[PDB]
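Trainee: File name model.txt; file contents compact mmCIF, C-alpha atoms; full text below.
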```txt
# COMPACT_ATOMS: atom_id res chain seq x y z
CA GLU L 1 64.74 99.42 70.79
CA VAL L 2 67.72 97.43 72.04
CA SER L 3 69.20 94.40 70.27
CA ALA L 4 67.94 90.95 71.25
CA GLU L 5 71.50 90.17 72.32
CA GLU L 6 71.40 92.76 75.11
CA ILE L 7 68.24 91.24 76.57
CA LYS L 8 69.87 87.82 76.38
CA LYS L 9 72.97 89.02 78.26
CA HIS L 10 70.97 91.12 80.71
CA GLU L 11 68.92 88.09 81.67
CA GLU L 12 72.29 86.41 82.09
CA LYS L 13 73.68 88.77 84.72
CA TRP L 14 70.35 89.41 86.41
CA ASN L 15 69.93 85.65 86.77
CA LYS L 16 73.19 85.20 88.69
CA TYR L 17 71.51 87.20 91.49
CA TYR L 18 67.93 86.02 91.17
CA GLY L 19 68.27 82.63 89.50
CA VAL L 20 69.58 80.80 92.55
CA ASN L 21 68.15 80.83 96.08
CA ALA L 22 69.14 83.85 98.18
CA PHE L 23 70.80 81.56 100.73
CA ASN L 24 72.80 79.82 98.00
CA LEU L 25 74.23 83.11 96.80
CA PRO L 26 78.04 83.53 96.73
CA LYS L 27 79.48 85.32 99.78
CA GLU L 28 81.18 87.86 97.51
CA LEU L 29 77.87 89.12 96.09
CA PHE L 30 75.64 88.89 99.16
CA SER L 31 76.55 88.36 102.81
CA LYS L 32 75.54 89.19 106.38
CA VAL L 33 77.66 91.78 108.21
CA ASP L 34 79.12 90.18 111.35
CA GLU L 35 79.19 91.80 114.80
CA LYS L 36 82.78 92.96 114.29
CA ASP L 37 82.23 94.89 111.06
CA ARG L 38 78.90 96.21 112.34
CA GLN L 39 80.72 98.35 114.92
CA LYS L 40 82.97 99.87 112.28
CA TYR L 41 82.48 102.61 109.69
CA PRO L 42 80.62 102.76 107.34
CA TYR L 43 78.52 99.84 108.58
CA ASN L 44 77.63 101.59 111.84
CA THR L 45 76.01 104.43 109.86
CA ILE L 46 73.35 102.00 108.62
CA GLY L 47 70.08 101.60 110.50
CA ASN L 48 66.56 100.27 110.24
CA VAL L 49 63.78 102.77 109.52
CA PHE L 50 60.71 101.26 111.15
CA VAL L 51 57.20 102.52 110.34
CA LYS L 52 54.76 100.83 112.75
CA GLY L 53 52.46 98.46 110.89
CA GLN L 54 53.53 99.80 107.50
CA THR L 55 57.08 98.85 106.57
CA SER L 56 60.62 98.14 107.77
CA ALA L 57 63.31 99.57 105.54
CA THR L 58 66.79 101.10 105.61
CA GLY L 59 68.26 104.53 106.30
CA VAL L 60 71.72 106.13 106.49
CA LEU L 61 72.90 108.53 109.23
CA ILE L 62 74.33 111.51 107.34
CA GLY L 63 74.25 114.16 110.04
CA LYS L 64 74.28 114.54 113.80
CA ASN L 65 70.49 114.07 113.89
CA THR L 66 69.73 113.35 110.23
CA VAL L 67 68.87 110.13 108.42
CA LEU L 68 68.65 109.84 104.62
CA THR L 69 66.11 107.34 103.27
CA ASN L 70 63.58 107.06 100.42
CA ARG L 71 60.62 109.31 99.87
CA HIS L 72 58.41 106.29 99.19
CA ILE L 73 59.37 104.87 102.57
CA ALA L 74 58.74 108.13 104.43
CA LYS L 75 55.32 108.47 102.80
CA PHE L 76 54.03 105.50 104.80
CA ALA L 77 54.05 107.64 107.95
CA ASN L 78 51.68 110.22 106.47
CA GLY L 79 53.63 113.15 107.87
CA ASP L 80 53.24 111.86 111.43
CA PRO L 81 56.74 111.48 113.03
CA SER L 82 55.54 109.28 115.91
CA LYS L 83 54.90 106.54 113.36
CA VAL L 84 58.60 106.29 112.48
CA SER L 85 61.46 104.85 114.50
CA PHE L 86 65.17 104.56 113.65
CA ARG L 87 67.19 101.66 115.00
CA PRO L 88 70.89 101.98 114.11
CA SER L 89 72.84 98.72 113.78
CA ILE L 90 69.91 96.75 115.15
CA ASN L 91 70.38 92.99 114.97
CA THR L 92 68.06 90.06 115.58
CA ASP L 93 69.72 86.65 115.44
CA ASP L 94 67.93 83.59 114.12
CA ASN L 95 66.80 82.85 117.67
CA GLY L 96 64.85 86.02 118.38
CA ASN L 97 67.52 87.81 120.39
CA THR L 98 67.29 91.44 119.31
CA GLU L 99 69.96 93.96 120.24
CA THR L 100 70.09 97.73 119.68
CA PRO L 101 73.65 98.81 120.67
CA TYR L 102 72.87 102.53 120.40
CA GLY L 103 69.26 102.32 121.46
CA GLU L 104 66.20 103.28 119.43
CA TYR L 105 65.54 106.78 118.19
CA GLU L 106 62.36 108.77 117.87
CA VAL L 107 61.73 111.13 114.97
CA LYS L 108 60.89 114.79 115.50
CA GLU L 109 60.44 115.84 111.88
CA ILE L 110 59.95 114.25 108.46
CA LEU L 111 60.98 116.13 105.31
CA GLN L 112 59.12 113.95 102.82
CA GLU L 113 60.37 115.36 99.51
CA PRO L 114 62.98 118.12 99.98
CA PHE L 115 64.61 117.23 96.65
CA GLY L 116 61.40 117.10 94.62
CA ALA L 117 58.52 114.64 94.28
CA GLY L 118 60.39 112.92 91.46
CA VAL L 119 63.53 112.19 93.49
CA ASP L 120 63.01 109.24 95.80
CA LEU L 121 64.85 110.67 98.81
CA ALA L 122 63.63 112.05 102.12
CA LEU L 123 65.22 113.37 105.29
CA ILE L 124 64.36 112.17 108.76
CA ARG L 125 65.32 114.30 111.75
CA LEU L 126 65.76 112.42 114.99
CA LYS L 127 65.27 113.46 118.59
CA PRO L 128 68.36 112.98 120.80
CA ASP L 129 68.16 110.20 123.41
CA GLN L 130 66.49 110.93 126.75
CA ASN L 131 69.83 112.24 128.02
CA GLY L 132 69.85 114.70 125.16
CA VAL L 133 72.63 112.90 123.30
CA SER L 134 72.40 112.84 119.50
CA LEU L 135 73.01 109.62 117.56
CA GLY L 136 75.67 111.52 115.63
CA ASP L 137 77.71 111.97 118.81
CA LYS L 138 77.84 108.23 119.41
CA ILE L 139 78.52 107.38 115.74
CA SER L 140 80.27 109.48 113.10
CA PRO L 141 77.89 110.17 110.19
CA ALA L 142 78.59 108.77 106.73
CA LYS L 143 81.00 110.84 104.64
CA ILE L 144 79.11 112.23 101.65
CA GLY L 145 80.86 111.65 98.34
CA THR L 146 79.58 112.30 94.84
CA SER L 147 78.11 110.18 92.05
CA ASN L 148 79.63 112.32 89.26
CA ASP L 149 82.72 110.13 88.84
CA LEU L 150 81.06 106.73 88.72
CA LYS L 151 81.03 104.87 85.42
CA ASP L 152 79.45 101.87 83.72
CA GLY L 153 80.98 98.67 85.07
CA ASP L 154 81.89 100.13 88.46
CA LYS L 155 81.52 97.84 91.47
CA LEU L 156 80.17 99.32 94.70
CA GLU L 157 78.97 98.16 98.12
CA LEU L 158 75.29 98.40 99.03
CA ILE L 159 74.65 98.08 102.77
CA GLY L 160 71.17 97.64 104.19
CA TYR L 161 68.48 95.60 105.91
CA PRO L 162 66.95 93.07 103.44
CA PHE L 163 63.87 92.58 105.63
CA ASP L 164 62.11 90.22 103.22
CA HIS L 165 65.12 87.91 103.43
CA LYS L 166 66.09 88.04 107.12
CA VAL L 167 64.47 90.33 109.70
CA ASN L 168 66.71 92.98 111.25
CA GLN L 169 69.94 91.51 109.89
CA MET L 170 72.38 93.87 108.15
CA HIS L 171 73.73 92.57 104.83
CA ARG L 172 76.09 93.86 102.18
CA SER L 173 75.46 93.43 98.44
CA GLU L 174 78.02 93.98 95.70
CA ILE L 175 76.46 96.00 92.91
CA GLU L 176 77.69 96.59 89.36
CA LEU L 177 76.80 99.89 87.71
CA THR L 178 75.31 99.80 84.23
CA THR L 179 73.85 102.35 81.78
CA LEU L 180 74.25 105.52 83.89
CA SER L 181 72.75 107.80 81.24
CA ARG L 182 69.28 106.93 82.53
CA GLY L 183 70.22 107.34 86.18
CA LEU L 184 71.88 105.22 88.85
CA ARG L 185 71.15 101.69 87.60
CA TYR L 186 72.89 98.50 88.68
CA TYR L 187 73.04 94.74 88.96
CA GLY L 188 72.82 93.22 92.43
CA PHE L 189 70.64 91.35 94.90
CA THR L 190 68.08 93.48 96.79
CA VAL L 191 64.59 93.09 98.29
CA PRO L 192 61.96 95.74 99.18
CA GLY L 193 63.48 96.29 102.64
CA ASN L 194 66.74 97.40 101.05
CA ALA L 195 64.95 100.63 100.16
CA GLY L 196 67.13 103.38 101.63
CA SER L 197 70.33 101.33 101.67
CA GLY L 198 73.58 103.23 101.40
CA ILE L 199 75.86 102.79 98.41
CA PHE L 200 79.53 103.33 99.25
CA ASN L 201 82.69 103.46 97.13
CA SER L 202 86.10 101.95 97.95
CA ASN L 203 86.97 105.18 99.75
CA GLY L 204 84.10 104.54 102.16
CA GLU L 205 82.12 107.50 100.83
CA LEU L 206 78.35 107.46 100.36
CA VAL L 207 77.64 107.97 96.64
CA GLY L 208 74.02 106.88 96.40
CA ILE L 209 70.92 105.49 98.08
CA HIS L 210 69.08 102.41 96.85
CA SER L 211 65.47 102.97 95.83
CA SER L 212 63.91 99.99 94.07
CA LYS L 213 63.58 98.08 90.82
CA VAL L 214 62.42 99.65 87.55
CA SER L 215 61.85 98.46 83.98
CA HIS L 216 65.00 98.10 81.93
CA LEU L 217 65.89 97.71 78.22
CA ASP L 218 62.26 96.84 77.45
CA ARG L 219 58.97 96.81 79.36
CA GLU L 220 59.48 93.22 80.47
CA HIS L 221 62.87 93.33 82.22
CA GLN L 222 64.19 94.80 85.50
CA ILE L 223 67.24 96.43 87.05
CA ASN L 224 68.03 98.08 90.39
CA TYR L 225 67.50 101.83 90.60
CA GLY L 226 69.13 104.15 93.11
CA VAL L 227 69.47 107.90 93.60
CA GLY L 228 72.98 109.24 93.15
CA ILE L 229 74.40 112.00 95.30
CA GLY L 230 74.89 114.44 92.45
CA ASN L 231 75.46 118.18 92.48
CA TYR L 232 71.80 118.95 93.17
CA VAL L 233 71.33 116.42 95.97
CA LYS L 234 74.51 117.47 97.80
CA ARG L 235 73.40 121.09 97.73
CA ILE L 236 70.09 120.26 99.43
CA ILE L 237 71.77 117.97 101.96
CA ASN L 238 74.37 120.58 102.92
CA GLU L 239 71.53 123.06 103.23
CA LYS L 240 69.19 121.01 105.43
CA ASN L 241 71.51 118.53 107.17
CA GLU L 242 71.83 118.57 110.98
```
Show me the file's structure as structure tokens.
Mentor:
Amino acid sequence: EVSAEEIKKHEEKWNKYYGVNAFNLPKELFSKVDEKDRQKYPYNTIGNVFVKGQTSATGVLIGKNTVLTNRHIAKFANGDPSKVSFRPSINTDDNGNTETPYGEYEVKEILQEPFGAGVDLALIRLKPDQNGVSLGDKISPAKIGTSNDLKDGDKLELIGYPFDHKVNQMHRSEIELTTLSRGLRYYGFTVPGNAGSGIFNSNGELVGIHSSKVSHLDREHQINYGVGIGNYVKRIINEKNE
């Protein structure tokens, strides 16, 4: 039971992201990443995880051949790697011109729930290109930070592919952390395609991965939910990354 004032104020914040049209959102909270920034770190570590005829979400390159995304996204492939494709820094302008600066990568192995069925993270291992060159040799993987030092009120950058808004167009969303006692929760604009988006701190370190929206305060309100890179997650990553 939370005071009726909290709900009133929550609806306040939440509304500044979902009350107005996505296109009429302030640049500071939600904006497309231009060609220039897309070639720079950490933006170039972001890619589109494409599951043929299932979904189109986001993923972060965290190793030479490893992509970190959500378990719920990886489940759509039903264990079959050939159903998943990773397209780093892909971009499709409003006129249909699609470009993939680093090519498209095939998946050799899917680790659906290496952190546990209750942690919405999965690892995707990619095959090198036909010349045997790993994506991680073309682009430096994201630096892995920690979520242990974050605190209520903190502002972070969420980078991903908001498919439902614009197809194959990388966007950044400013997020504001809230009640962290119940997990990584935050205010910000996201759509289903943002699943797997990287959350970076001012130091450019990856501190979390966006997951989805969950009930908040009561059973009738929402908030964004992500998975923080805590002690347990880092251990597993360091153990299976490659």
Trainee: L:35, L:120, L:93, L:104: which is nearest residue 69 in chain L, counting only C-alpha atoms?
Mentor: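 Of L:35, L:120, L:93, L:104, the one nearest residue 69 in chain L, counting only C-alpha atoms, is L:120.
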Trainee: Using only C-alpha atoms, which residues sit within 7 Å of residue 200 in chain L once same-chain residues fewer than 5 positions away are excluded, as a list in words?
Mentor: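 The filter keeps residues 156, 157, 158, 205, 206 and 207 of chain L.
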Trainee: Each residue of range 141-194 of chain L lying at most 6 Å from range 210-227 of chain L should get a row with its shortest atom-to-atom pair and the distance in Å to one decimal, counting only C-alpha atoms; could you produce that, ordered by chain and increasing number, as a Markdown table?
Mentor:
```
| residue | atom | partner | partner_atom | distance |
| --- | --- | --- | --- | --- |
| L:184 | CA | L:226 | CA | 5.2 |
| L:185 | CA | L:225 | CA | 4.7 |
| L:186 | CA | L:224 | CA | 5.2 |
```
Trainee: Work out how far CA of residue 209 in chain L is from CA of residue 197 in chain L, in Å to one decimal.
Mentor: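 Those two atoms sit 5.5 Å apart.
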Trainee: Skipping near chain neighbours, those fewer than 3 positions away, what residues fall within 10 Å of residue 45 in chain L using all atoms listed in the file, listed as an mmCIF file with C-alpha atoms, keeping the file's coordinate frame?
Mentor:
```cif
data_model
loop_
_atom_site.group_PDB
_atom_site.id
_atom_site.type_symbol
_atom_site.label_atom_id
_atom_site.label_comp_id
_atom_site.auth_asym_id
_atom_site.auth_seq_id
_atom_site.Cartn_x
_atom_site.Cartn_y
_atom_site.Cartn_z
ATOM 1 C CA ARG L 38 78.900 96.210 112.340
ATOM 2 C CA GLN L 39 80.720 98.350 114.920
ATOM 3 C CA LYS L 40 82.970 99.870 112.280
ATOM 4 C CA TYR L 41 82.480 102.610 109.690
ATOM 5 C CA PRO L 42 80.620 102.760 107.340
ATOM 6 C CA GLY L 59 68.260 104.530 106.300
ATOM 7 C CA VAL L 60 71.720 106.130 106.490
ATOM 8 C CA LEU L 61 72.900 108.530 109.230
ATOM 9 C CA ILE L 62 74.330 111.510 107.340
ATOM 10 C CA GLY L 63 74.250 114.160 110.040
ATOM 11 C CA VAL L 67 68.870 110.130 108.420
ATOM 12 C CA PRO L 88 70.890 101.980 114.110
ATOM 13 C CA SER L 89 72.840 98.720 113.780
ATOM 14 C CA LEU L 135 73.010 109.620 117.560
ATOM 15 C CA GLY L 136 75.670 111.520 115.630
ATOM 16 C CA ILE L 139 78.520 107.380 115.740
ATOM 17 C CA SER L 140 80.270 109.480 113.100
ATOM 18 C CA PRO L 141 77.890 110.170 110.190
ATOM 19 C CA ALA L 142 78.590 108.770 106.730
ATOM 20 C CA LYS L 143 81.000 110.840 104.640
ATOM 21 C CA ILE L 159 74.650 98.080 102.770
ATOM 22 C CA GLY L 198 73.580 103.230 101.400
#
```
Trainee: In Å, rounded to a single decimal, give me how far CA of residue 65 in chain L is from CA of residue 235 in chain L.
Mentor: 17.9 Å
Trainee: List the neighbours of range 169-177 of chain L out to 7 Å using only C-alpha atoms; skip same-chain residues closer than 5 positions along the sequence, and give me the result as an MDAnalysis selection string.
Mentor: chainID L and resid 29:33 91:92 151:162 185:189
Trainee: Using only C-alpha atoms, which protein or nucleic acid residues come within 10 Å of residue 237 in chain L? Drop anything in the same chain fewer than 2 positions from it, and give the result as a list in words.
Mentor: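 Near neighbours after the sequence-gap exclusion: residues 62, 63, 66, 68, 114, 115, 123, 144, 229, 232, 233, 234, 235, 239, 240, 241 and 242 of chain L.
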Trainee: With all atoms listed in the file as the basis for distance, which of L:76, L:43, L:163, L:50 is at the shortest distance from residue 105 in chain L?
Mentor: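 Closest to residue 105 in chain L, using all atoms listed in the file: L:50.
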Trainee: Could you work out how far CA of residue 146 in chain L lies from CA of residue 208 in chain L, giving the answer in Å with one decimal?
Mentor: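 Separation between CA of residue 208 in chain L and CA of residue 146 in chain L: 7.9 Å.
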Trainee: So which one's closest to residue 57 in chain L, L:167, L:180, L:199, L:150? Using all atoms listed in the file, please.
Mentor: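 Among the listed residues, the smallest separation from residue 57 in chain L belongs to L:167.
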Trainee: Which one of L:168, L:82, L:3, L:58 sits closest to residue 97 in chain L if you count all atoms listed in the file?
Mentor: L:168
Trainee: So which one's closest to residue 54 in chain L, L:193, L:132, L:183, L:19? Using all atoms listed in the file, please.
Mentor: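 With all atoms listed in the file as the atom set, the closest residue is L:193.
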Trainee: Let me make sure I understand: among L:2, L:133, L:121, L:74, which one has the smallest atom-to-atom distance to residue 102 in chain L if we use only C-alpha atoms?
Mentor: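 Residue with the minimum atom-to-atom distance to residue 102 in chain L: L:133.
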